[PDB]
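All remarks here apply to the structure that follows.
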2 protein chains.
Amino acid sequence: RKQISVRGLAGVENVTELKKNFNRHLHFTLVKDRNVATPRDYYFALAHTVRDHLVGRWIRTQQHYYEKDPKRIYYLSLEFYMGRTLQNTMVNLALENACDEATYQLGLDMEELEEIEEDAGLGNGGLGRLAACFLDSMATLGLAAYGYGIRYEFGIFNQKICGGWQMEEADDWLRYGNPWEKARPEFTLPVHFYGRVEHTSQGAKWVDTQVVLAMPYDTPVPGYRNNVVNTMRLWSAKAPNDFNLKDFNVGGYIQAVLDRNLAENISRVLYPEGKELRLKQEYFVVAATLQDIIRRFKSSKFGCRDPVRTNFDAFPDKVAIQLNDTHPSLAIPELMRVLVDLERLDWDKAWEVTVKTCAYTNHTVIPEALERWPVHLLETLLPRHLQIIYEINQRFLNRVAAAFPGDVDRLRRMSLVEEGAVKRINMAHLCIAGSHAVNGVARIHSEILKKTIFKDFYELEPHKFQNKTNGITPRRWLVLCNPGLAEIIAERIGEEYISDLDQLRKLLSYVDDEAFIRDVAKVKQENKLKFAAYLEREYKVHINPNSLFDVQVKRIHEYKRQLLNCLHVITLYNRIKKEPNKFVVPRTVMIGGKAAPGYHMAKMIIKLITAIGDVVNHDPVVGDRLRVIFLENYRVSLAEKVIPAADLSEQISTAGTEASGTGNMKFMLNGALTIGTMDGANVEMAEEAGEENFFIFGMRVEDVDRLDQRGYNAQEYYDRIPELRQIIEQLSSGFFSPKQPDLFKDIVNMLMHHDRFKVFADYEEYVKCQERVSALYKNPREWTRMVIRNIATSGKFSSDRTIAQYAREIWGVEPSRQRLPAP
Amino acid sequence: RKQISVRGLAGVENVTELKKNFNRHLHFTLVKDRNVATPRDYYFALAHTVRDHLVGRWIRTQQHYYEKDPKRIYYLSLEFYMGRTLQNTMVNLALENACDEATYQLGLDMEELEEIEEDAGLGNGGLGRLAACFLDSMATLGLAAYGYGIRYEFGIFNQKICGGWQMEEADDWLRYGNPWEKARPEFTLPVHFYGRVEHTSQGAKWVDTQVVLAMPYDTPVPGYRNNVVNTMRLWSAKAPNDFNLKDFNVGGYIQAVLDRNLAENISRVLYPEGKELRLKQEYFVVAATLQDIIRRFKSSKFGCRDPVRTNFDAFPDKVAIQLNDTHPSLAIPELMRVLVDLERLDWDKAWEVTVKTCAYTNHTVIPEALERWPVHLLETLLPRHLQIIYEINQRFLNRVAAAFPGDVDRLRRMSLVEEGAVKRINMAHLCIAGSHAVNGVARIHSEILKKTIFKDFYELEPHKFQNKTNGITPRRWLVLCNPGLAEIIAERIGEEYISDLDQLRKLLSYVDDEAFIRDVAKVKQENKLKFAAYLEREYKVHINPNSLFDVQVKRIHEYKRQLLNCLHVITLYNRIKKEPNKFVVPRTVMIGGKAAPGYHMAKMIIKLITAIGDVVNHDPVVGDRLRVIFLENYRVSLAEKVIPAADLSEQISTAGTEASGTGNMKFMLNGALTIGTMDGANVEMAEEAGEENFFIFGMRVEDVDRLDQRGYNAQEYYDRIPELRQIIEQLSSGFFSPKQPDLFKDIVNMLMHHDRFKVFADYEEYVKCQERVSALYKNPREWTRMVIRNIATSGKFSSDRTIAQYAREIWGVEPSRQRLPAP
């Protein structure tokens, strides 16, 4: 009876007894054979093999925390950007080149198979990709972290450059199935919606509700090489499949069928403010999750164990809910609703635990883009919750009054309920009220949630504000992505670095050495040949390799400045042309990110970049003196192979607009010079690397704040800076497009007359700087010099670090670097 | 490529190497362990374990036919009443023993786990059951055969008699999946609804249609110990839904997200009238399969003996289509629409081939019941099919005129268009024109299709009409259901019988061997007591495993007299009650059968039994001399359990209504004596058995026609038979319903004033039989003597023989009983 144990299921490190497993699954799982099986079949066969070799470990980890009962720390997020599991299972488990030998002794090619894998489309950018990284490093740091979010049938679109434009051609990543996940029909809970309250003797009822079933799916995330492998648990919406008539509800009219789609497509599309669905989605992910959070606190070990009627006195000891951004916020009104209403905890006692369990990571530098909801939206889907939100509030605000008698303008600046032309609830204030700890994403930024945006909140509970300077992850962002460069490091410092990281600091001593100089430009010249290969293979281009390899891969969006780039690269096309022999360093510039539907300036700016392309790379006057590639469909699998041929990381956003920056850290690692306007995280990177090692141009936070106080007007620069007069002219007189001359005319007036982001004011400073970048390119080795002093610097911009910080001052729980036995 | 071999995995016969994979499926394939895992995960880990045995042999057989290249025969049926895999998968492949031993040692009672499997609601009744036996024997007889059905997500209801009334209840059998089915998304093909027929060039096109995608799901069908495993390809109707921006359709208005629903539920449900849903389901199956048949005809091997068209010339030699009932019928215009429109063969080359290729099995004896569909319905979802039924109908009538020159009414009776109020097409006459053979499913029923129902048709193509009487399979319905009856029979004649049932005739020499007579009786006694325990466990009331087990389990319908049984039952009830001290042979009548929603007298007659048993199973005056049990939710599962435990087999259909039986041949075989009218099925079953060993009773067909001349007037028997007049007044005063007397009034009134099925005509002689029954049963020695005589002569009813004749006489292919090796 006890003979159903984890014993024997594989022979690990054996090329041959996993060569017995690639066969096992092709036949018995996939029901295919060698005369009929396809590439995508042998990737699904390989996918399964490394997977039994994951879920072995997953049983015993999972076993461990029942016995050992840690504080289970759930990270709540509506975006989870993983993106290609196979290789990353292989390294954090070991089996990679022991999977390479089997799959060539078999006669395949594990790298050709690897590219059959669609990206696990649960994201869009850095809110998913941060947590996707924190999921790797919590798993490595011994921590009992659970990641819970929603499983999107389609994620967010796949982009398509056609005619120069973006066509958002949808991503059905999951149609051929997904190796890595397990469905769990057995642990389906309901999500109730709409309904109404109805009070009784002891509490209140929220009867009359519509329901949407919550079905869980388990991807696992391995910890790096210490054998603990954790659970992502992502929800799927099932419409109640009582339907055809039961309740006799359709009777007189079927059209409640419109429930089936408007409920069930909670789970089909991720977004790219004013939407019942974004809130329905939001309430979906927190309800199901928190019901599961309560069943491991009771059932799994406290099922039996009480003391205090298995009260929640020991809840905050055992559980910690970390709301990433404002999208989990209904975790405070829903947690309060279950403890008070379903169990029967005092409003006061239940709110005790609530704040103690919860804390909230803050991502915006802007107060204007900070989630708030309409009360008519609340009150109708969520009545009890519009009611508990009202009640948390005067309770909070009287606590404010105790600490500020008579200061009336604060009971409307602290308030939960916004007023006037649509009374809204400010969700970020709701969070700060029930979260014992808020953190800024960068140092600077935590200051500006003290000094500017939650000033009152920091005056009254001074201490909730923490800082955790968000990093990246060695495994993904050095080892998978640039292994030639993780090759030449290993043996010098000791592999202790990938899970203990400012040790990168040693290679600093190694700078001078003219071995390391010639060493590294190979990685970068090989990389710039392999990526300059891939370029022409998928899609196609005609490139240098050797070029200055210049890249900026962000969202196409005004305040990140793809535009500043475009002006400059029209200075470059035009001066090199003017004197056609005017030698300068030939750059291949790559701009790329998706836009966001119903964003025409961010549709326009793709089109200017795909208007240039034509006249530069096809004006064979220029030849290979200048090239601008647009990266169609930039996502996490492209993220790990363009930072790779990063000479130049152009992170050129207006000062004080970026709240931080993550795809900038995994750039001064791979060997990339970061040239950009100072704010966000372009800062601490230079406070580490030294300003002289960086290339910080242009304005700053402080003199930008100056500028819109004595009038900012971009023209004035139009009348002075003679080449910008040139490029504005040629921009406007159908140079790029003879067929539609006017075309970039909506962008001219934008650039001229209502430029919120001062693209023209940071022009000149940018060019008498990217002259310092070009002229230094062709000083081919003291170029290669600084590219080491950036690498050495690293360990703060590593998410292991950040997780230890969250671990330690906010959660409690002490980290680990120990290897759990077996597999 | 060679390294990836089948060579195996199959340590096969080995306990250790499969306690070992019941562990892998529990930990690595299902991801559970002994601390989380429940019964469902254990049966599923067993279920998964056996089908690695199953799918290796699947691989191997499929390969074989690719190599050999046999004539393949596809069998279209809208119901495959598959019912419960595992125990049969294990007996057809031998692992009852090893799987028992491995789960013995594991701590798991292998009986218990089995009864967690959900009966696959891919069927409804007899029409579904013969296909399933026609697939077991198509596989034991080595034929290259396919099963093409609909993968009903929910199926026809679950009976749930609540307080006495049949409640309808949905069946999601596949909640926690199906281990046995393997979805083949690679083979999704489109099914074209509605549209316009535009005419051009050498042909016609069908433009403007609406695609639904038919997605295939493969299930293995293993043969008893011969190592072949054939296919069953079920089609899932998955709505084309890229309905999110694409086509400039949604947004404008998502009024039209109904092609989600009425595309999607071509497969959510099975039926119980003029429904476009029923015809949409009928064409969906046909579109997805004929395009899959030609997919396989074109791909496996033939487009090289292409000498001529991958010729359809040879299509009838590599293909054979069986049309079980007129439901696959649109397959004769679909195999004409592709061959003519698409392939571009001659119209008379498409008919020469369409008639040589497909064939029609008919199952009816009552003509109204022959299928018809309105040309308004066809002119719409099937524009071009209407035009192929219109040129078929026209050319067939030429054939007819020349054959019977001048007979203007023969042209109007031999037609496929048919009008009066609503111009319908006759689908059964469509089948005779497009099939090389038409066949009855029983001897006399096959005569009265050329004697009466298609007689003109017959005279014009006499050579099409064959017969083939129905049969059970020896494996599910004697080995699985009754392994007890199985040891004893094999101990004497050997085990060659399972694959050749006529060897049961050999047991007829052991009639007078009173070891065997006390032995068979033993056998039937544990059967009656493992079953009698089913009852006070799942369900209850009181059993007495001695009594004469009298089951009638047909579906609830007026033409099959559940009512005659109700009246015999209270006649015994009353004789037991006026004269308590008389000795009476006690009986337990068990009536089970799924009524059929909408139909009220079936609804109402079930409430009879659920009120007769309440009144008589609570009479401490009778004590236990009678008990009446409605068997809730008859399915393949309880037939397994019921036919096994029964003594009398109640087959009381009105003479002239039944065509052939199939339910009978399971009780005849498992040693039960038929009581039954001479009518279609009971007739070959008494040719073999000898009338002696049957309880033939009452009214014969021309006895039914004698009274259907002079006229039925039930009242003449009411005032000529006192024991009837007796219970009409039991009913009418409301004995069985003290709170609602008048409840069974419309039954009383039906019965007398308009009983189209002649309950009272048969009453007196059916009773003078029930009690001769009671004579022989109270004579256990001579009961078994007559029961030996049943089980021995029943061999003619193996589907191994009904198939041995289709194959031979119709499909062409010749039966084979040899092994393959298949690791």
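Residues in the structure tokens are numbered from 1 in each chain, the chains being A, B, ... in the order shown, and ligands are numbered from 1 in the order shown.
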Give me, as a list in words, the residues of chain A touching chain B, with the criterion being at most 6 Å (counting only C-alpha atoms). residues 1, 4, 23, 28, 52, 106 and 185 of chain A
Name all residues at most 8 Å from residue B:332 (count only C-alpha atoms; drop same-chain ones fewer than 5 positions away) and give them as an MDAnalysis selection string. chainID B and resid 354 358 430:431 434
Option closest in space to residue A:438, from A:458, A:312, A:465, A:243 [counting only C-alpha atoms]: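 Checking each candidate against residue A:438, we get A:465 as the closest.
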Assign secondary structure with DSSP using the backbone only, and return the residues of stretch 350-577 of chain B in strand (DSSP E) as a ChimeraX atom specification. /B:358-361,372-374,417-418,424-426,438-440,465-467,548-553
Once you have the residues from the selection above, write them out as a CSV table (one decimal), in the first residue's frame, restricted to N, CA, C and O atoms.
chain,number,residue,atom,x,y,z
B,358,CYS,N,-20.5,1.4,-51.7
B,358,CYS,CA,-21.2,1.4,-50.4
B,358,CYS,C,-22.3,0.4,-50.2
B,358,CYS,O,-22.7,-0.2,-51.3
B,359,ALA,N,-22.9,0.0,-49.0
B,359,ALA,CA,-24.0,-0.9,-48.9
B,359,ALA,C,-24.9,-0.6,-47.7
B,359,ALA,O,-24.4,-0.2,-46.7
B,360,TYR,N,-26.2,-0.9,-47.8
B,360,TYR,CA,-27.1,-0.5,-46.7
B,360,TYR,C,-27.7,-1.6,-45.8
B,360,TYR,O,-28.5,-2.4,-46.2
B,361,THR,N,-27.5,-1.5,-44.5
B,361,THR,CA,-28.2,-2.4,-43.6
B,361,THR,C,-29.4,-1.7,-43.1
B,361,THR,O,-29.4,-0.5,-42.8
B,372,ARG,N,-37.1,10.1,-44.0
B,372,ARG,CA,-37.5,11.1,-45.0
B,372,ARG,C,-37.0,12.4,-44.3
B,372,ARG,O,-36.9,12.5,-43.1
B,373,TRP,N,-36.8,13.4,-45.2
B,373,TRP,CA,-36.3,14.7,-44.9
B,373,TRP,C,-36.8,15.6,-45.9
B,373,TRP,O,-36.7,15.2,-47.1
B,374,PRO,N,-37.4,16.8,-45.6
B,374,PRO,CA,-38.0,17.8,-46.6
B,374,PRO,C,-37.1,18.4,-47.6
B,374,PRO,O,-36.1,19.0,-47.2
B,417,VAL,N,-38.2,11.4,-54.7
B,417,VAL,CA,-38.8,12.6,-54.2
B,417,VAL,C,-40.2,12.0,-53.8
B,417,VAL,O,-40.6,11.0,-54.4
B,418,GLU,N,-40.9,12.5,-52.9
B,418,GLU,CA,-42.2,11.9,-52.4
B,418,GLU,C,-43.0,13.1,-51.9
B,418,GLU,O,-42.6,13.8,-51.0
B,424,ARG,N,-41.0,15.5,-49.4
B,424,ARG,CA,-39.8,14.9,-48.8
B,424,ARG,C,-39.1,14.0,-49.8
B,424,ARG,O,-39.6,13.7,-50.8
B,425,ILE,N,-37.8,13.8,-49.4
B,425,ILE,CA,-37.0,12.9,-50.2
B,425,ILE,C,-37.0,11.7,-49.4
B,425,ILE,O,-37.3,11.7,-48.2
B,426,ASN,N,-36.9,10.5,-50.0
B,426,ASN,CA,-36.9,9.3,-49.2
B,426,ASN,C,-35.5,8.7,-49.2
B,426,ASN,O,-34.9,8.3,-50.2
B,438,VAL,N,-28.5,-4.5,-50.1
B,438,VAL,CA,-29.3,-3.9,-49.1
B,438,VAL,C,-29.5,-5.1,-48.2
B,438,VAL,O,-29.7,-6.2,-48.7
B,439,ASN,N,-29.6,-5.1,-46.9
B,439,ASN,CA,-29.8,-6.3,-46.1
B,439,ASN,C,-30.7,-6.2,-44.9
B,439,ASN,O,-30.8,-5.2,-44.2
B,440,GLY,N,-31.4,-7.2,-44.6
B,440,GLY,CA,-32.2,-7.2,-43.4
B,440,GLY,C,-31.3,-7.8,-42.3
B,440,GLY,O,-30.4,-8.6,-42.5
B,465,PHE,N,-30.6,-7.7,-52.6
B,465,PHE,CA,-31.2,-8.1,-51.3
B,465,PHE,C,-30.6,-9.4,-50.8
B,465,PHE,O,-30.6,-10.5,-51.4
B,466,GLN,N,-30.0,-9.3,-49.6
B,466,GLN,CA,-29.5,-10.4,-48.8
B,466,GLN,C,-30.1,-10.3,-47.5
B,466,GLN,O,-30.9,-9.4,-47.2
B,467,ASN,N,-29.8,-11.2,-46.6
B,467,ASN,CA,-30.1,-11.1,-45.2
B,467,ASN,C,-28.8,-11.2,-44.4
B,467,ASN,O,-27.8,-11.4,-45.1
B,548,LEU,N,-37.3,-16.7,-8.6
B,548,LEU,CA,-37.2,-16.8,-10.0
B,548,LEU,C,-37.0,-15.4,-10.6
B,548,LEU,O,-37.9,-14.6,-10.7
B,549,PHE,N,-35.7,-15.1,-11.0
B,549,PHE,CA,-35.3,-13.8,-11.5
B,549,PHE,C,-35.8,-13.6,-12.9
B,549,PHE,O,-35.2,-14.0,-13.9
B,550,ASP,N,-36.9,-12.8,-12.9
B,550,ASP,CA,-37.7,-12.4,-14.0
B,550,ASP,C,-37.4,-11.0,-14.6
B,550,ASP,O,-38.0,-10.0,-14.1
B,551,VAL,N,-36.4,-10.8,-15.5
B,551,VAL,CA,-36.2,-9.4,-15.9
B,551,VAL,C,-36.7,-9.2,-17.3
B,551,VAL,O,-36.6,-10.1,-18.2
B,552,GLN,N,-37.3,-8.1,-17.4
B,552,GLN,CA,-37.7,-7.5,-18.7
B,552,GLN,C,-36.8,-6.2,-18.6
B,552,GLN,O,-37.0,-5.4,-17.7
B,553,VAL,N,-35.8,-6.1,-19.5
B,553,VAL,CA,-35.1,-4.8,-19.6
B,553,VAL,C,-34.9,-4.5,-21.1
B,553,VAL,O,-34.0,-5.0,-21.9
Shell of 8 Å around residue A:629, only C-alpha atoms, local chain residues under 3 positions omitted, as a list in words: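 Using only C-alpha atoms, the neighbours found are residues 541, 588, 589, 590, 591 and 613 of chain A.
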Within 12 Å of residue A:166, counting only C-alpha atoms, which residues show up once you throw out same-chain ones fewer than 3 positions away? Write them as a count of residues only, please. 31
Among the residues A:666, A:768, A:554, A:542, the one that comes closest to residue A:475 [using only C-alpha atoms]: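 Among A:666, A:768, A:554, A:542, it is A:666 that comes nearest to residue A:475.
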List as number ranges by chain the protein and nucleic acid residues near residue B:773, meaning an atom at most 9 Å away when only C-alpha atoms are counted, but skip any in the same chain fewer than 5 places from it. B: 648, 675, 695, 768, 778
Using only C-alpha atoms, determine which residues lie at most 9 Å from stretch 123-127 of chain A, disregarding the query and same-chain residues fewer than 3 positions distant; provide the list as JSON, numbers by chain. {"A": [77, 78, 79, 80, 81, 82, 83, 120, 130, 131, 132, 155, 156, 270, 271, 272, 324, 325, 363, 554, 555, 594, 635, 636, 661, 662, 663]}
Once you have the residues from the selection above, write them out as a PDB file, in the first residue's frame, restricted to N, CA and C atoms.
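After the write, part30.pdb holds the following:
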ATOM      1  N   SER A  77      -0.374  37.712  -9.984  1.00  0.00           N
ATOM      2  CA  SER A  77      -0.068  38.508 -11.144  1.00  0.00           C
ATOM      3  C   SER A  77      -0.938  38.094 -12.317  1.00  0.00           C
ATOM      4  N   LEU A  78      -1.481  39.058 -13.100  1.00  0.00           N
ATOM      5  CA  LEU A  78      -2.248  38.727 -14.333  1.00  0.00           C
ATOM      6  C   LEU A  78      -1.450  38.671 -15.630  1.00  0.00           C
ATOM      7  N   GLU A  79      -0.155  38.417 -15.504  1.00  0.00           N
ATOM      8  CA  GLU A  79       0.754  38.360 -16.613  1.00  0.00           C
ATOM      9  C   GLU A  79       1.893  37.516 -16.103  1.00  0.00           C
ATOM     10  N   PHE A  80       2.285  36.502 -16.885  1.00  0.00           N
ATOM     11  CA  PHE A  80       3.341  35.542 -16.543  1.00  0.00           C
ATOM     12  C   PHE A  80       4.156  35.130 -17.764  1.00  0.00           C
ATOM     13  N   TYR A  81       5.135  35.922 -18.092  1.00  0.00           N
ATOM     14  CA  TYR A  81       5.793  35.814 -19.367  1.00  0.00           C
ATOM     15  C   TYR A  81       6.883  34.752 -19.431  1.00  0.00           C
ATOM     16  N   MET A  82       6.574  33.451 -19.344  1.00  0.00           N
ATOM     17  CA  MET A  82       7.647  32.495 -19.537  1.00  0.00           C
ATOM     18  C   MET A  82       8.146  32.385 -20.978  1.00  0.00           C
ATOM     19  N   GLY A  83       7.580  31.673 -21.954  1.00  0.00           N
ATOM     20  CA  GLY A  83       8.118  31.778 -23.317  1.00  0.00           C
ATOM     21  C   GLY A  83       9.012  30.737 -24.003  1.00  0.00           C
ATOM     22  N   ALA A 120       5.472  30.334 -24.334  1.00  0.00           N
ATOM     23  CA  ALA A 120       4.308  30.270 -23.438  1.00  0.00           C
ATOM     24  C   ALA A 120       3.823  31.704 -23.231  1.00  0.00           C
ATOM     25  N   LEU A 130       9.094  40.117 -15.310  1.00  0.00           N
ATOM     26  CA  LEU A 130       9.727  40.297 -14.025  1.00  0.00           C
ATOM     27  C   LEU A 130       9.305  39.095 -13.225  1.00  0.00           C
ATOM     28  N   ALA A 131       8.026  38.888 -12.985  1.00  0.00           N
ATOM     29  CA  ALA A 131       7.533  37.752 -12.216  1.00  0.00           C
ATOM     30  C   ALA A 131       7.949  36.405 -12.800  1.00  0.00           C
ATOM     31  N   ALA A 132       7.944  36.254 -14.122  1.00  0.00           N
ATOM     32  CA  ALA A 132       8.508  35.082 -14.750  1.00  0.00           C
ATOM     33  C   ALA A 132       9.948  34.869 -14.242  1.00  0.00           C
ATOM     34  N   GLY A 155      -3.155  34.337 -25.261  1.00  0.00           N
ATOM     35  CA  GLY A 155      -2.204  35.354 -24.827  1.00  0.00           C
ATOM     36  C   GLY A 155      -2.524  36.740 -25.397  1.00  0.00           C
ATOM     37  N   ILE A 156      -1.591  37.448 -26.024  1.00  0.00           N
ATOM     38  CA  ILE A 156      -1.850  38.731 -26.681  1.00  0.00           C
ATOM     39  C   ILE A 156      -1.331  38.438 -28.092  1.00  0.00           C
ATOM     40  N   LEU A 270      -5.508  38.436 -23.305  1.00  0.00           N
ATOM     41  CA  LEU A 270      -4.770  39.254 -22.381  1.00  0.00           C
ATOM     42  C   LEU A 270      -4.840  40.639 -23.028  1.00  0.00           C
ATOM     43  N   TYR A 271      -4.769  41.747 -22.278  1.00  0.00           N
ATOM     44  CA  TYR A 271      -4.839  43.102 -22.853  1.00  0.00           C
ATOM     45  C   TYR A 271      -3.562  43.976 -23.038  1.00  0.00           C
ATOM     46  N   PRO A 272      -3.490  44.707 -24.204  1.00  0.00           N
ATOM     47  CA  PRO A 272      -2.291  45.247 -24.906  1.00  0.00           C
ATOM     48  C   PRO A 272      -1.185  46.228 -24.418  1.00  0.00           C
ATOM     49  N   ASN A 324       1.456  41.797  -7.164  1.00  0.00           N
ATOM     50  CA  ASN A 324       2.298  42.480  -8.139  1.00  0.00           C
ATOM     51  C   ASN A 324       1.367  43.503  -8.827  1.00  0.00           C
ATOM     52  N   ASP A 325       1.630  44.814  -8.666  1.00  0.00           N
ATOM     53  CA  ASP A 325       0.862  45.917  -9.280  1.00  0.00           C
ATOM     54  C   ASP A 325      -0.554  46.044  -8.699  1.00  0.00           C
ATOM     55  N   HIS A 363       4.694  49.785  -9.577  1.00  0.00           N
ATOM     56  CA  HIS A 363       5.392  50.004 -10.841  1.00  0.00           C
ATOM     57  C   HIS A 363       5.201  51.388 -11.478  1.00  0.00           C
ATOM     58  N   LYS A 554      11.928  47.921 -27.031  1.00  0.00           N
ATOM     59  CA  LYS A 554      10.997  48.451 -26.032  1.00  0.00           C
ATOM     60  C   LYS A 554       9.582  48.339 -26.563  1.00  0.00           C
ATOM     61  N   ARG A 555       8.619  49.030 -25.951  1.00  0.00           N
ATOM     62  CA  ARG A 555       7.288  49.063 -26.558  1.00  0.00           C
ATOM     63  C   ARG A 555       7.321  50.139 -27.645  1.00  0.00           C
ATOM     64  N   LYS A 594       6.073  45.313 -29.926  1.00  0.00           N
ATOM     65  CA  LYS A 594       4.763  45.492 -30.536  1.00  0.00           C
ATOM     66  C   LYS A 594       4.225  46.906 -30.124  1.00  0.00           C
ATOM     67  N   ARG A 635       9.701  39.111 -28.939  1.00  0.00           N
ATOM     68  CA  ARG A 635       9.202  38.562 -27.670  1.00  0.00           C
ATOM     69  C   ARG A 635      10.300  37.847 -26.875  1.00  0.00           C
ATOM     70  N   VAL A 636      10.028  37.008 -25.850  1.00  0.00           N
ATOM     71  CA  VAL A 636      11.096  36.428 -24.999  1.00  0.00           C
ATOM     72  C   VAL A 636      12.044  35.484 -25.716  1.00  0.00           C
ATOM     73  N   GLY A 661      13.154  49.562 -15.255  1.00  0.00           N
ATOM     74  CA  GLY A 661      13.692  49.009 -16.480  1.00  0.00           C
ATOM     75  C   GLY A 661      14.453  47.715 -16.212  1.00  0.00           C
ATOM     76  N   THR A 662      13.930  46.677 -16.849  1.00  0.00           N
ATOM     77  CA  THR A 662      14.397  45.315 -16.687  1.00  0.00           C
ATOM     78  C   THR A 662      15.175  44.762 -17.855  1.00  0.00           C
ATOM     79  N   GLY A 663      14.725  45.065 -19.051  1.00  0.00           N
ATOM     80  CA  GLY A 663      15.411  44.652 -20.265  1.00  0.00           C
ATOM     81  C   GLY A 663      16.646  45.497 -20.536  1.00  0.00           C
TER      82      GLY A 663
END
Expected answer as JSON, numbers by chain: helix (DSSP H, G or I) residues in stretch 330-389 of chain B: {"B": [330, 331, 332, 333, 334, 335, 336, 337, 338, 339, 340, 341, 342, 347, 348, 349, 350, 351, 352, 353, 354, 355, 356, 357, 375, 376, 377, 378, 379, 380, 381, 383, 384, 385, 386, 387, 388, 389]}
Nearest candidate to residue B:387 (options B:436, B:486, B:444, B:197; using only C-alpha atoms):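 For residue B:387, the nearest of the candidates is B:197.
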I want to know what sits within 12 Å of residue A:708, based on only C-alpha atoms, with residues of the same chain fewer than 4 positions away left out; could you give that as a ChimeraX atom specification? /A:701-704,712-714,755-758
Next, the residues of the selection above should be written as a compact mmCIF listing (two decimals), in the first residue's frame with N, CA and C atoms.
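Below you can see again.txt, which holds the result:
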# COMPACT_ATOMS: atom_id res chain seq x y z
N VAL A 701 15.43 64.41 -15.03
CA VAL A 701 14.21 64.50 -14.22
C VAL A 701 13.91 65.96 -13.88
N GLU A 702 14.92 66.51 -13.19
CA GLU A 702 14.90 67.84 -12.62
C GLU A 702 14.84 68.96 -13.68
N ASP A 703 15.69 69.03 -14.69
CA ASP A 703 15.46 70.10 -15.63
C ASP A 703 14.38 69.80 -16.68
N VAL A 704 13.66 68.67 -16.58
CA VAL A 704 12.48 68.42 -17.41
C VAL A 704 11.31 69.09 -16.68
N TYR A 712 7.69 75.28 -22.77
CA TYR A 712 8.54 74.39 -23.57
C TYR A 712 8.01 74.61 -24.98
N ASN A 713 8.85 74.86 -25.98
CA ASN A 713 8.36 74.89 -27.36
C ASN A 713 9.47 74.29 -28.18
N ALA A 714 9.19 73.14 -28.80
CA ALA A 714 10.16 72.43 -29.63
C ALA A 714 10.69 73.26 -30.80
N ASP A 755 4.65 67.89 -28.28
CA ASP A 755 5.63 66.92 -27.86
C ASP A 755 5.78 67.12 -26.36
N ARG A 756 5.19 66.09 -25.80
CA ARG A 756 5.12 65.94 -24.37
C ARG A 756 6.42 65.36 -23.82
N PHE A 757 7.24 64.78 -24.70
CA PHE A 757 8.37 63.98 -24.29
C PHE A 757 9.73 64.55 -24.71
N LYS A 758 9.65 65.78 -25.28
CA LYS A 758 10.79 66.61 -25.65
C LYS A 758 11.80 65.79 -26.44
Pick out the closest residue to residue A:640 from this set: A:658, A:119, A:96, A:334. Count only C-alpha atoms.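 Result for the nearest residue to residue A:640: A:119.
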Point-to-point distance from atom CA of residue B:70 to atom CA of residue B:143, Å rounded to tenths: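 Spanning atom CA of residue B:70 to atom CA of residue B:143 is a straight-line distance of 8.2 Å.
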Would you mind telling me which residue in A:580, A:481, A:447, A:264 lies nearest to residue A:619 when using only C-alpha atoms?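 Using only C-alpha atoms, residue A:619 sits closest to A:580.
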